[PDB]
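[1] Here is my input; please provide its structure:
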Amino acid sequence: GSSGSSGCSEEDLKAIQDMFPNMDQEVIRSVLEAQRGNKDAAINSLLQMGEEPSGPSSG
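    Numbers count the residues shown, from 1 in each chain. Below you will find the coordinate block:
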């Protein structure tokens, strides 16, 4: 249950967008699509991809 509805998705996507709004959509999708439609994989991919502002992290 809850694994992969059907390849890419508009939901999982938007989800990422929220997380990475600054990022570019075409990119986000370019990842999810390149990530067998795996948000998780994408998120991780996006995270790494590019350069984040180092500093303190707590959450």
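[2] When you work out contacts or count neighbours from here on, use the C-alpha atoms and nothing else.
    Noted.
[3] quick one: the helices in the protein?
    Along the chain, counting by DSSP state H, helices occupy 10-19, 25-32, 39-48.
[4] Name the residues that touch the last one?
    Helix 39-48 is contacted by residues 12, 13, 16, 28, 31, 32, 35 when judged by C-alpha atoms under 8 Å, 6 or more residues apart in numbering.
[5] returning to what we had before: switch the helices of the chain over to JSON lines; also include distance to residue 4 and mean neighbour count.
    Formatted as JSON lines, the helices of the chain follow (distance: least, C-alpha to C-alpha, whole Å; neighbours: other C-alpha atoms under 10 Å):
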{"stretch": "helix 10-19", "distance to residue 4": "10", "mean neighbour count": "15"}
{"stretch": "helix 25-32", "distance to residue 4": "12", "mean neighbour count": "17"}
{"stretch": "helix 39-48", "distance to residue 4": "10", "mean neighbour count": "17"}
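[6] Save the ones you listed as TSV, and put in distance to residue 57 too.
    Putting the helices of the chain into TSV (distance: least, C-alpha to C-alpha, whole Å) gives the following:
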stretch	distance to residue 57
helix 10-19	16
helix 25-32	23
helix 39-48	14
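[7] what about residue 9, distance to residue 52?
    Per C-alpha to C-alpha, to the nearest Å, residue 9 is found 26 Å from residue 52.
[8] contacting residues for residue 32?
    Residue 32 makes contact with 8, 13, 38, 39, 41, 42, according to C-alpha under 8 Å, 6+ apart.
[9] hang on, the earlier thing: quick check: of the contacts of helix 39-48, which lies closest to residue 56?
    Closest approach between those and residue 56, by C-alpha to C-alpha: residue 16, at 22.4 Å.
[10] I figured the closest one hits residue 31, correct?
    No. Between residue 16 and residue 31 there is no contact under C-alpha atoms under 8 Å: 10.5 Å.
[11] Number of residues surrounding residue 37?
    When neighbours are defined as other C-alpha atoms under 10 Å, residue 37 has 21 of them.
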